[PDB]
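Trainee: Handing over model-v5.csv, CSV, C-alpha atoms.
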```csv
chain,number,residue,atom,x,y,z
Z,24,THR,CA,0.0,0.0,0.0
Z,25,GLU,CA,2.7,2.5,1.0
Z,26,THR,CA,5.0,3.3,-2.0
Z,27,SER,CA,8.7,4.1,-2.4
Z,28,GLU,CA,7.7,7.4,-3.9
Z,29,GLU,CA,5.8,8.4,-0.8
Z,30,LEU,CA,8.7,7.4,1.4
Z,31,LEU,CA,11.1,9.3,-0.6
Z,32,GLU,CA,9.0,12.4,-0.3
Z,33,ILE,CA,9.2,12.0,3.5
Z,34,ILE,CA,12.9,11.5,3.4
Z,35,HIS,CA,13.5,14.5,1.3
Z,36,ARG,CA,11.0,16.7,3.4
Z,37,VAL,CA,12.8,15.8,6.6
Z,38,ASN,CA,16.3,16.1,5.3
Z,39,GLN,CA,15.7,19.4,3.3
Z,40,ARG,CA,14.1,21.0,6.3
Z,41,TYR,CA,17.1,20.2,8.5
Z,42,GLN,CA,19.8,21.3,6.0
Z,43,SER,CA,17.9,24.5,5.1
Z,44,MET,CA,17.6,25.4,8.7
Z,45,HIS,CA,21.1,24.4,10.0
Z,46,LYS,CA,24.5,25.3,8.5
Z,47,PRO,CA,26.9,22.4,8.2
Z,48,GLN,CA,29.7,24.4,10.0
Z,49,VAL,CA,29.1,23.0,13.5
Z,50,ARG,CA,31.3,20.9,15.7
Z,51,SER,CA,32.0,17.2,15.0
Z,52,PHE,CA,30.6,16.0,18.4
Z,53,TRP,CA,28.3,13.0,18.7
Z,54,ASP,CA,24.9,14.7,18.2
Z,55,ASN,CA,25.8,16.3,14.9
Z,56,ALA,CA,27.9,13.3,14.0
Z,57,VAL,CA,24.8,10.9,14.4
Z,58,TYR,CA,22.8,13.3,12.2
Z,59,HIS,CA,25.6,12.8,9.6
Z,60,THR,CA,25.3,9.0,9.8
Z,61,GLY,CA,21.7,9.5,8.8
Z,62,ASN,CA,22.6,11.8,6.0
Z,63,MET,CA,25.2,9.3,4.6
Z,64,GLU,CA,22.4,6.7,4.7
Z,65,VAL,CA,20.2,9.1,2.6
Z,66,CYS,CA,23.1,9.6,0.2
Z,67,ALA,CA,23.5,5.8,-0.2
Z,68,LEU,CA,19.8,5.4,-1.0
Z,69,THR,CA,19.5,8.5,-3.2
Z,70,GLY,CA,22.8,9.6,-4.6
Z,71,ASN,CA,21.9,13.2,-3.9
Z,72,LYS,CA,25.0,15.3,-4.4
Z,73,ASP,CA,23.7,18.3,-2.4
Z,74,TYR,CA,23.2,16.1,0.7
Z,75,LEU,CA,26.7,14.7,0.1
Z,76,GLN,CA,28.2,18.2,0.0
Z,77,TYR,CA,26.5,19.0,3.3
Z,78,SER,CA,28.5,16.2,5.0
Z,79,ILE,CA,31.7,17.2,3.1
Z,80,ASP,CA,31.3,20.8,4.2
Z,81,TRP,CA,30.9,19.6,7.8
Z,82,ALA,CA,33.9,17.4,7.6
Z,83,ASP,CA,36.0,20.2,6.0
Z,84,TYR,CA,34.9,22.7,8.7
Z,85,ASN,CA,36.1,20.2,11.4
Z,86,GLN,CA,39.3,19.5,9.5
Z,87,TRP,CA,38.5,15.8,9.4
Z,88,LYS,CA,39.0,15.5,13.1
Z,89,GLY,CA,37.1,14.9,16.3
Z,90,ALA,CA,38.5,16.4,19.5
Z,91,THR,CA,41.6,18.3,18.5
Z,92,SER,CA,44.4,17.8,21.2
Z,93,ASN,CA,47.7,16.7,19.8
Z,94,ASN,CA,49.1,15.9,23.2
Z,95,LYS,CA,48.5,12.1,23.7
Z,96,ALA,CA,49.6,12.3,27.3
Z,97,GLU,CA,46.5,14.4,28.1
Z,98,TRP,CA,43.9,12.3,26.1
Z,99,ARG,CA,40.9,11.3,28.1
Z,100,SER,CA,38.2,8.7,27.5
Z,101,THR,CA,35.4,9.8,29.9
Z,102,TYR,CA,32.7,12.5,29.2
Z,103,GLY,CA,34.0,15.9,28.1
Z,104,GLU,CA,33.6,18.5,25.4
Z,105,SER,CA,37.0,20.2,25.4
Z,106,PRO,CA,39.8,19.2,23.0
Z,107,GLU,CA,41.6,16.6,25.3
Z,108,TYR,CA,38.6,14.2,25.2
Z,109,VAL,CA,40.1,12.5,22.1
Z,110,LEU,CA,39.5,8.9,23.3
Z,111,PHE,CA,35.9,9.5,24.4
Z,112,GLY,CA,33.7,7.8,21.7
Z,113,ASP,CA,31.3,10.7,21.3
Z,114,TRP,CA,34.3,12.4,19.7
Z,115,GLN,CA,34.9,9.4,17.4
Z,116,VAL,CA,31.5,8.8,15.8
Z,117,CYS,CA,32.5,11.6,13.3
Z,118,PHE,CA,35.0,9.1,12.0
Z,119,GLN,CA,32.2,7.0,10.5
Z,120,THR,CA,31.3,9.8,8.2
Z,121,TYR,CA,35.0,10.6,7.4
Z,122,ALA,CA,35.5,6.9,6.4
Z,123,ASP,CA,32.3,6.9,4.3
Z,124,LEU,CA,33.5,10.1,2.5
Z,125,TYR,CA,37.0,8.7,2.0
Z,126,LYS,CA,35.6,5.6,0.3
Z,127,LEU,CA,33.9,7.9,-2.2
Z,128,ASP,CA,37.0,10.0,-2.9
Z,129,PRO,CA,40.1,8.7,-1.3
Z,130,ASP,CA,42.5,11.2,0.1
Z,131,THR,CA,44.8,10.3,3.1
Z,132,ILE,CA,43.9,13.5,5.0
Z,133,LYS,CA,40.2,12.4,5.4
Z,134,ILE,CA,41.2,9.4,7.6
Z,135,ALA,CA,44.6,10.6,9.0
Z,136,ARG,CA,43.1,11.6,12.3
Z,137,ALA,CA,40.8,8.6,12.6
Z,138,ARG,CA,43.7,6.3,12.0
Z,139,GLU,CA,45.9,8.2,14.5
Z,140,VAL,CA,43.3,8.2,17.2
Z,141,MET,CA,42.0,4.6,16.8
Z,142,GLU,CA,45.4,3.0,16.2
Z,143,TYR,CA,46.8,4.7,19.3
Z,144,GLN,CA,43.7,3.7,21.3
Z,145,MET,CA,44.1,0.1,20.2
Z,146,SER,CA,47.8,0.2,21.2
Z,147,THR,CA,46.9,1.0,24.9
Z,148,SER,CA,46.3,-1.8,27.3
Z,149,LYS,CA,43.0,-0.2,28.6
Z,150,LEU,CA,39.9,-2.2,27.5
Z,151,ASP,CA,37.0,-0.3,29.1
Z,152,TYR,CA,36.6,2.4,26.6
Z,153,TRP,CA,32.9,1.6,25.9
Z,154,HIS,CA,31.7,2.1,29.5
Z,155,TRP,CA,28.2,3.4,28.5
Z,156,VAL,CA,25.9,1.6,26.1
Z,157,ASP,CA,25.6,4.4,23.6
Z,158,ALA,CA,29.3,3.9,22.8
Z,159,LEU,CA,28.4,0.9,20.8
Z,160,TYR,CA,26.7,3.0,18.1
Z,161,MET,CA,29.3,5.7,18.3
Z,162,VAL,CA,32.3,3.4,17.9
Z,163,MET,CA,31.5,-0.2,16.8
Z,164,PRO,CA,30.8,0.9,13.1
Z,165,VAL,CA,34.1,2.9,13.2
Z,166,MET,CA,35.9,-0.4,13.7
Z,167,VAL,CA,34.4,-2.1,10.6
Z,168,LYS,CA,34.6,1.0,8.4
Z,169,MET,CA,38.3,1.5,9.3
Z,170,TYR,CA,39.0,-2.2,8.7
Z,171,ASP,CA,37.3,-1.9,5.3
Z,172,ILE,CA,39.8,0.8,4.4
Z,173,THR,CA,43.0,-0.4,6.1
Z,174,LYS,CA,42.5,-4.1,6.2
Z,175,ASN,CA,44.3,-3.9,9.5
Z,176,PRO,CA,43.0,-7.0,11.5
Z,177,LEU,CA,43.5,-5.4,14.9
Z,178,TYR,CA,40.3,-3.2,14.3
Z,179,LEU,CA,38.2,-6.4,14.2
Z,180,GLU,CA,39.9,-8.0,17.2
Z,181,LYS,CA,39.6,-4.8,19.3
Z,182,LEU,CA,35.9,-4.5,18.2
Z,183,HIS,CA,35.4,-7.8,20.0
Z,184,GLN,CA,37.6,-7.1,23.0
Z,185,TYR,CA,36.0,-3.7,23.8
Z,186,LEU,CA,32.5,-5.1,23.3
Z,187,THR,CA,33.3,-8.0,25.7
Z,188,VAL,CA,34.0,-5.4,28.4
Z,189,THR,CA,30.8,-3.5,27.7
Z,190,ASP,CA,28.9,-6.7,28.0
Z,191,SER,CA,30.6,-7.5,31.4
Z,192,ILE,CA,29.3,-4.2,32.8
Z,193,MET,CA,25.8,-3.8,31.1
Z,194,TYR,CA,24.6,-6.9,29.3
Z,195,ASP,CA,21.8,-8.7,31.1
Z,196,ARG,CA,22.1,-12.4,29.8
Z,197,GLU,CA,18.7,-13.4,31.1
Z,198,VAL,CA,16.8,-10.6,29.4
Z,199,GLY,CA,18.9,-10.0,26.3
Z,200,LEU,CA,19.1,-6.2,26.8
Z,201,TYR,CA,21.7,-3.7,27.9
Z,202,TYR,CA,21.6,-1.5,31.0
Z,203,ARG,CA,22.7,2.0,30.0
Z,204,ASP,CA,25.8,2.1,32.2
Z,205,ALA,CA,27.1,0.6,35.5
Z,206,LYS,CA,24.6,2.6,37.7
Z,207,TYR,CA,21.6,0.7,36.3
Z,208,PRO,CA,21.8,-3.0,36.9
Z,209,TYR,CA,19.2,-4.9,38.9
Z,210,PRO,CA,18.6,-5.4,41.8
Z,211,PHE,CA,20.7,-2.5,43.2
Z,212,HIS,CA,18.8,-0.2,40.9
Z,213,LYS,CA,15.1,-0.8,40.1
Z,214,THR,CA,12.3,1.1,38.4
Z,215,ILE,CA,9.6,2.8,40.3
Z,216,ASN,CA,7.5,-0.4,39.9
Z,217,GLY,CA,10.3,-2.7,41.0
Z,218,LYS,CA,11.4,-3.8,37.5
Z,219,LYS,CA,14.7,-4.0,35.7
Z,220,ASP,CA,15.5,-0.6,34.1
Z,221,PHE,CA,16.5,-0.8,30.4
Z,222,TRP,CA,16.8,2.5,28.7
Z,223,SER,CA,15.2,2.5,25.2
Z,224,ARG,CA,17.5,4.9,23.3
Z,225,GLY,CA,20.5,3.0,24.9
Z,226,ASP,CA,19.3,-0.3,23.6
Z,227,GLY,CA,18.4,1.4,20.3
Z,228,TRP,CA,22.0,2.5,19.9
Z,229,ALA,CA,23.2,-1.1,20.6
Z,230,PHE,CA,20.7,-2.8,18.3
Z,231,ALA,CA,21.3,-0.4,15.3
Z,232,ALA,CA,25.1,-0.7,16.1
Z,233,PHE,CA,25.0,-4.5,15.6
Z,234,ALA,CA,23.2,-4.0,12.3
Z,235,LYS,CA,25.8,-1.5,11.1
Z,236,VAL,CA,28.6,-3.9,12.2
Z,237,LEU,CA,27.0,-6.8,10.3
Z,238,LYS,CA,26.5,-4.6,7.2
Z,239,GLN,CA,30.3,-4.2,6.7
Z,240,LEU,CA,32.0,-6.9,8.8
Z,241,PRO,CA,33.7,-9.4,6.5
Z,242,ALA,CA,31.7,-12.6,6.1
Z,243,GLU,CA,34.7,-14.7,7.3
Z,244,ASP,CA,35.3,-12.8,10.5
Z,245,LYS,CA,35.7,-15.2,13.5
Z,246,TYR,CA,33.3,-13.3,15.7
Z,247,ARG,CA,30.5,-12.8,13.1
Z,248,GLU,CA,28.4,-15.6,14.5
Z,249,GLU,CA,28.6,-14.1,18.0
Z,250,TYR,CA,27.3,-10.8,16.6
Z,251,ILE,CA,24.5,-12.4,14.7
Z,252,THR,CA,23.4,-14.3,17.8
Z,253,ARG,CA,23.4,-11.1,19.8
Z,254,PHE,CA,21.4,-9.3,17.2
Z,255,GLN,CA,18.8,-12.0,16.8
Z,256,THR,CA,18.4,-12.3,20.6
Z,257,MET,CA,18.0,-8.6,21.1
Z,258,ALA,CA,15.5,-8.6,18.3
Z,259,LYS,CA,13.3,-11.0,20.1
Z,260,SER,CA,13.6,-9.2,23.5
Z,261,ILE,CA,13.0,-5.8,21.9
Z,262,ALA,CA,9.9,-7.1,20.0
Z,263,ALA,CA,8.4,-8.5,23.2
Z,264,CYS,CA,8.3,-5.1,24.9
Z,265,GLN,CA,6.9,-3.0,22.0
Z,266,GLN,CA,3.8,-0.9,23.1
Z,267,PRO,CA,0.5,-1.5,21.3
Z,268,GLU,CA,0.9,1.9,19.7
Z,269,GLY,CA,4.1,0.8,18.1
Z,270,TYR,CA,6.7,2.8,20.0
Z,271,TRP,CA,8.9,1.7,22.9
Z,272,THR,CA,8.8,3.6,26.2
Z,273,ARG,CA,12.0,5.1,27.7
Z,274,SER,CA,12.1,2.4,30.4
Z,275,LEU,CA,11.5,-0.6,28.1
Z,276,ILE,CA,9.8,-2.9,30.6
Z,277,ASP,CA,8.3,-0.2,32.9
Z,278,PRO,CA,6.1,1.9,30.7
Z,279,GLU,CA,4.4,3.5,33.8
Z,280,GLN,CA,7.7,4.9,35.1
Z,281,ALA,CA,8.4,7.0,32.0
Z,282,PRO,CA,5.2,6.9,30.0
Z,283,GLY,CA,4.1,7.6,26.5
Z,284,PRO,CA,5.7,7.9,23.1
Z,285,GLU,CA,9.4,8.3,22.6
Z,286,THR,CA,10.9,8.5,19.0
Z,287,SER,CA,14.6,8.0,19.1
Z,288,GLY,CA,14.7,4.5,20.6
Z,289,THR,CA,11.8,3.6,18.4
Z,290,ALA,CA,13.5,4.8,15.3
Z,291,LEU,CA,16.8,3.0,16.1
Z,292,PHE,CA,14.9,-0.3,16.7
Z,293,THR,CA,12.8,0.1,13.5
Z,294,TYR,CA,16.1,0.6,11.5
Z,295,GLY,CA,17.5,-2.5,13.1
Z,296,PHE,CA,14.4,-4.7,12.5
Z,297,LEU,CA,14.0,-3.5,8.8
Z,298,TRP,CA,17.8,-4.1,8.2
Z,299,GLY,CA,17.6,-7.6,9.8
Z,300,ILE,CA,14.6,-8.6,7.7
Z,301,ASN,CA,16.1,-7.1,4.5
Z,302,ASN,CA,19.3,-8.9,5.1
Z,303,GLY,CA,17.9,-12.4,6.0
Z,304,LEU,CA,18.8,-12.5,9.7
Z,305,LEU,CA,15.3,-12.0,11.0
Z,306,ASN,CA,12.2,-13.9,10.0
Z,307,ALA,CA,10.0,-11.7,7.9
Z,308,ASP,CA,6.7,-13.2,9.0
Z,309,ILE,CA,7.6,-12.8,12.7
Z,310,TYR,CA,9.1,-9.3,12.6
Z,311,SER,CA,7.1,-7.7,9.8
Z,312,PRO,CA,4.1,-6.9,12.2
Z,313,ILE,CA,6.6,-5.3,14.7
Z,314,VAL,CA,8.0,-3.0,11.9
Z,315,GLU,CA,4.5,-2.2,10.6
Z,316,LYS,CA,3.4,-0.8,14.0
Z,317,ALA,CA,6.7,1.0,14.6
Z,318,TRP,CA,6.9,2.6,11.2
Z,319,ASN,CA,3.2,3.6,11.4
Z,320,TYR,CA,4.0,5.4,14.7
Z,321,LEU,CA,7.1,7.1,13.2
Z,322,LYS,CA,5.2,8.2,10.0
Z,323,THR,CA,1.9,9.2,11.7
Z,324,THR,CA,3.0,10.5,15.1
Z,325,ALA,CA,6.7,11.4,15.2
Z,326,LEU,CA,6.8,13.0,11.8
Z,327,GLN,CA,5.2,16.4,11.7
Z,328,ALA,CA,3.9,18.1,8.4
Z,329,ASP,CA,6.9,20.3,7.9
Z,330,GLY,CA,9.5,17.5,8.4
Z,331,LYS,CA,10.3,18.1,12.0
Z,332,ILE,CA,10.5,14.9,14.1
Z,333,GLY,CA,9.0,15.1,17.5
Z,334,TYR,CA,8.8,13.1,20.8
Z,335,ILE,CA,12.6,12.8,21.0
Z,336,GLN,CA,13.8,12.3,24.6
Z,337,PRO,CA,16.3,15.2,25.4
Z,338,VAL,CA,19.9,14.7,26.4
Z,339,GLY,CA,21.1,14.7,29.9
Z,340,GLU,CA,17.9,15.5,31.8
Z,341,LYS,CA,17.2,13.7,35.1
Z,342,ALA,CA,14.2,11.2,34.9
Z,343,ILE,CA,10.9,12.6,36.1
Z,344,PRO,CA,8.6,9.6,36.9
Z,345,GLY,CA,5.2,9.9,35.3
Z,346,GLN,CA,6.1,12.8,33.0
Z,347,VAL,CA,5.6,12.4,29.2
Z,348,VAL,CA,8.0,13.5,26.4
Z,349,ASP,CA,7.0,16.8,24.8
Z,350,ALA,CA,5.6,16.3,21.3
Z,351,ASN,CA,7.7,19.2,20.1
Z,352,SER,CA,11.1,17.8,21.4
Z,353,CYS,CA,13.2,17.5,18.2
Z,354,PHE,CA,17.0,17.0,18.0
Z,355,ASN,CA,19.6,16.4,15.2
Z,356,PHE,CA,20.5,12.9,16.5
Z,357,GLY,CA,16.8,11.9,16.5
Z,358,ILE,CA,16.4,13.1,12.9
Z,359,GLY,CA,19.4,11.0,12.1
Z,360,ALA,CA,17.8,7.9,13.7
Z,361,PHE,CA,14.5,8.7,11.8
Z,362,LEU,CA,16.3,8.8,8.5
Z,363,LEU,CA,18.0,5.5,9.1
Z,364,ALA,CA,14.6,3.9,9.7
Z,365,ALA,CA,13.0,5.7,6.7
Z,366,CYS,CA,15.8,4.7,4.3
Z,367,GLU,CA,15.6,1.1,5.4
Z,368,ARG,CA,11.9,1.2,5.0
Z,369,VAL,CA,12.3,2.1,1.3
Z,370,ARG,CA,14.6,-0.9,0.9
Z,371,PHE,CA,12.0,-3.1,2.6
Z,372,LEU,CA,9.3,-2.0,0.1
Z,373,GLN,CA,11.6,-3.5,-2.5
```
Can the structure from this file be put into C-alpha cells for me?
Mentor:
Amino acid sequence: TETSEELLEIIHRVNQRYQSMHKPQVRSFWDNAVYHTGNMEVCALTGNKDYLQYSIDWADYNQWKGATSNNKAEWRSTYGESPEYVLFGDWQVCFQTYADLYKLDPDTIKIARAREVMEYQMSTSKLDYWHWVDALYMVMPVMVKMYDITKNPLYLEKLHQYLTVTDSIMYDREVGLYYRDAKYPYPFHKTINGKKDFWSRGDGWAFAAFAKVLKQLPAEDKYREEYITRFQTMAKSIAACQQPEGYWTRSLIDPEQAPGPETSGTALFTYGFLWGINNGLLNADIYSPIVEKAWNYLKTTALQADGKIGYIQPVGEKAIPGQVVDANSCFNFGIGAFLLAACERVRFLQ
C-alpha cells in the first residue's frame, strides 16, 4: 500500500528542512555526527549530491578531526567537550562519516586523524573504553569502516575485545538487553515499579550498532556468528516489549515509570528490524508486524507536516517519573535515527 515514492517524499522533506535550517559548519561532536550517519544513509539510498556536499562541508569545517588535542599524554576517555577528550567515543562517531567520505573520494587527509586516534587507542592496554551503552553505536561501526579501508585486522579483534568489556558491565544475559551504564543493573537499581530498568535509546544504539557492524564486517570474521546471535536475541527481546501503539517507552519494561511515546529509541529499533529482515537474519513473518506498527508510529505521530521529528527524549535530563515526552522535542540525532529507519523502509518496500 505505501509506495517508495511516498517514502522518498518524507525522506527529502525531513532532510531538506534540517539542511535548510542548519548550517553544516558546526562541531564534530556526537549529536551532529549521528545526524551525519543518517545523511550518509540518505546519500547511499538516493545519490543526492547536495546532501553529500552537506557532509563534506561539515567534515572540511572540522578538519576531518574529532576532538583536536595533539598531546596524547592528556587524552581522556570519559565525558567531556574540550579538546583533550580524544578517546571518548562521542568524539569518534564523526570518523564513521569521514571513512564513508574517504571511500567515495580517497584522500589520506580524510582518515589521517581517525587512524591516528583509533590506532593509538588500540595500542593501549586499557579495555573499558565503551563504558556506556551508547558507545556501541558511536564506535562499533568505526571499527568495521576502518578495517574496510586499512585491512588492519586489529580493528576487528579490538571491536570484540571492547564489546566484551561493555557486556561484562551492562549486558543482562537473562533478558537479552543492555543497561545504559554501571549505575543501572538490577537489583541494586530498580524502576519505580520494581522492574529491571533498560533505557530505550540505549538499547536502540546497541541494536542499530550491531546492524551496522554486520553490514560491513567481512563474512569470514571469526566473531561474526557471535554478533548475529546477539542481534537475533536482542530482536526477540525488543519485539516483546513493544507498546501496542508501536513505540517503545523510555524504560522498556516499565512503561508507567516514564510513560508515552518516545521516538529516538523507536527509530533505532525500527532501523534494526528492517535491516535484519532485509538482510535475511530476522524472519519476515515474525518481525514484519513489529515493523508495521513501529513505522506507522514514526510516519503518523513522530513525523510532523513540515518534516520536524517530535517526541525525541532530550539529552542529559534527570528522569521525572510519570512525566511524558514533549511532542515538540526534536534534535539532530533523532532526525538522524528517523532517517536510518526511513531509508531502510524504502529498501523493505523492495
Trainee: One decimal, in Å: what's the spacing between atom CA of residue 256 of chain Z and atom CA of residue 310 of chain Z?
Mentor: 12.6 Å
Trainee: Could you pull out every residue with an atom within 12 Å of (24.5, -3.9, 18.1), file coordinates, counting all atoms listed in the file, and send them as a ChimeraX atom specification?
Mentor: /Z:156-164,182-183,186,189-190,194,199-201,225-238,247,249-258,291-292,294-296,298-299
Trainee: For atom CA of residue 110 of chain Z and atom CA of residue 240 of chain Z, determine how far apart the two atoms are, in Å to one decimal place.
Mentor: 22.7 Å
Trainee: With a distance cut-off of 8 Å and all atoms listed in the file, select the neighbouring residues of residue 63 of chain Z, excluding the residue or stretch itself and same-chain residues fewer than 4 positions from it, and output the selection as a list in words.
Mentor: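 Result of the neighbour search: residues 59, 67, 75, 78, 120 and 123 of chain Z.
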Trainee: Any chance you could tabulate, as a Markdown table, the residues of segment 81-105 of chain Z at most 12 Å from segment 148-152 of chain Z with each one's nearest atom pair and distance in Å to one decimal, using only C-alpha atoms, in chain and rising number order?
Mentor:
```
| residue | atom | partner | partner_atom | distance |
| --- | --- | --- | --- | --- |
| Z:99 | CA | Z:152 | CA | 10.0 |
| Z:100 | CA | Z:152 | CA | 6.6 |
| Z:101 | CA | Z:152 | CA | 8.2 |
| Z:102 | CA | Z:152 | CA | 11.1 |
```
Trainee: Determine the nearest neighbour of residue 50 of chain Z from the options Z:83, Z:248, Z:180, Z:279, counting only C-alpha atoms.
Mentor: Z:83
Trainee: Considering all atoms listed in the file, can you say which of Z:329, Z:106, Z:96, Z:166 comes closest to residue 147 of chain Z?
Mentor: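 Among Z:329, Z:106, Z:96, Z:166, it is Z:96 that comes nearest to residue 147 of chain Z.
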Trainee: Find, counting all atoms listed in the file, the residue in Z:370, Z:208, Z:307, Z:167 that gets nearest to residue 196 of chain Z.
Mentor: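 Using all atoms listed in the file, residue 196 of chain Z sits closest to Z:208.
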Trainee: Can I get the residues of segment 276-303 of chain Z within 12 Å of segment 350-358 of chain Z, each with the closest pair of atoms and their distance in Å to one decimal, using all atoms listed in the file, sorted chain first then ascending number, as JSON lines?
Mentor:
```
{"residue": "Z:283", "atom": "CA", "partner": "Z:350", "partner_atom": "CA", "distance": 10.2}
{"residue": "Z:284", "atom": "CA", "partner": "Z:350", "partner_atom": "CA", "distance": 8.6}
{"residue": "Z:285", "atom": "CA", "partner": "Z:350", "partner_atom": "CA", "distance": 9.0}
{"residue": "Z:286", "atom": "CA", "partner": "Z:357", "partner_atom": "CA", "distance": 7.3}
{"residue": "Z:287", "atom": "CA", "partner": "Z:357", "partner_atom": "CA", "distance": 5.2}
{"residue": "Z:288", "atom": "CA", "partner": "Z:357", "partner_atom": "CA", "distance": 8.7}
{"residue": "Z:289", "atom": "CA", "partner": "Z:357", "partner_atom": "CA", "distance": 9.9}
{"residue": "Z:290", "atom": "CA", "partner": "Z:357", "partner_atom": "CA", "distance": 7.9}
{"residue": "Z:291", "atom": "CA", "partner": "Z:357", "partner_atom": "CA", "distance": 8.9}
```
Trainee: Write out, as a PDB file, in the frame of the given file, the residues just selected, with C-alpha atoms.
Mentor:
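Saved file selection_9.pdb follows:
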```
ATOM      1  CA  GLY Z 283       4.100   7.600  26.500  1.00  0.00           C
ATOM      2  CA  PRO Z 284       5.700   7.900  23.100  1.00  0.00           C
ATOM      3  CA  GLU Z 285       9.400   8.300  22.600  1.00  0.00           C
ATOM      4  CA  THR Z 286      10.900   8.500  19.000  1.00  0.00           C
ATOM      5  CA  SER Z 287      14.600   8.000  19.100  1.00  0.00           C
ATOM      6  CA  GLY Z 288      14.700   4.500  20.600  1.00  0.00           C
ATOM      7  CA  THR Z 289      11.800   3.600  18.400  1.00  0.00           C
ATOM      8  CA  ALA Z 290      13.500   4.800  15.300  1.00  0.00           C
ATOM      9  CA  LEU Z 291      16.800   3.000  16.100  1.00  0.00           C
TER      10      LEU Z 291
END
```
Trainee: Taking only C-alpha atoms into account, name the residue in Z:343, Z:132, Z:338, Z:275 that is nearest to residue 223 of chain Z.
Mentor: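 Closest to residue 223 of chain Z of all the choices is Z:275.
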Trainee: Considering all atoms listed in the file, state which residue in the set Z:65, Z:46, Z:266, Z:327 is at the smallest distance from residue 364 of chain Z.
Mentor: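 Smallest separation from residue 364 of chain Z among the options: Z:65.
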Trainee: From (41.7, 7.1, 17.7), in the file's coordinates, out to 12 Å: which residues are reached, counting all atoms listed in the file? Answer as a PyMOL selection string.
Mentor: chain Z and resi 88-93+95+98-100+108-119+134-147+152+162+165-166+169+178
Trainee: With all atoms listed in the file as the atoms that count, which of Z:193, Z:263, Z:342, Z:276 lies nearest to residue 219 of chain Z?
Mentor: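 Closest to residue 219 of chain Z, using all atoms listed in the file: Z:276.
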Trainee: Just the number, please: distance in Å from atom CA of residue 259 of chain Z to atom CA of residue 271 of chain Z, one decimal.
Mentor: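 One can read the atom CA of residue 259 of chain Z to atom CA of residue 271 of chain Z distance as 13.7 Å.
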Trainee: So that I can see what lies close to segment 30-33 of chain Z, please list as a count of residues only the residues with an atom at most 7 Å from it, counting only C-alpha atoms and leaving out residues fewer than 4 positions away in the same chain.
Mentor: 3
Trainee: Might you pull out every residue within 7 Å of residue 297 of chain Z, with only C-alpha atoms counted and same-chain residues fewer than 3 positions away left off, and present them as a short mmCIF file (atom, residue, chain, number, x, y, z; two decimals) with C-alpha atoms, keeping the file's coordinate frame?
Mentor:
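And here's result_20.cif as it stands now:
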```cif
data_model
loop_
_atom_site.label_atom_id
_atom_site.label_comp_id
_atom_site.auth_asym_id
_atom_site.auth_seq_id
_atom_site.Cartn_x
_atom_site.Cartn_y
_atom_site.Cartn_z
CA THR Z 293 12.80 0.10 13.50
CA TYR Z 294 16.10 0.60 11.50
CA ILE Z 300 14.60 -8.60 7.70
CA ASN Z 301 16.10 -7.10 4.50
CA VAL Z 314 8.00 -3.00 11.90
CA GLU Z 367 15.60 1.10 5.40
CA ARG Z 368 11.90 1.20 5.00
CA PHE Z 371 12.00 -3.10 2.60
#
```
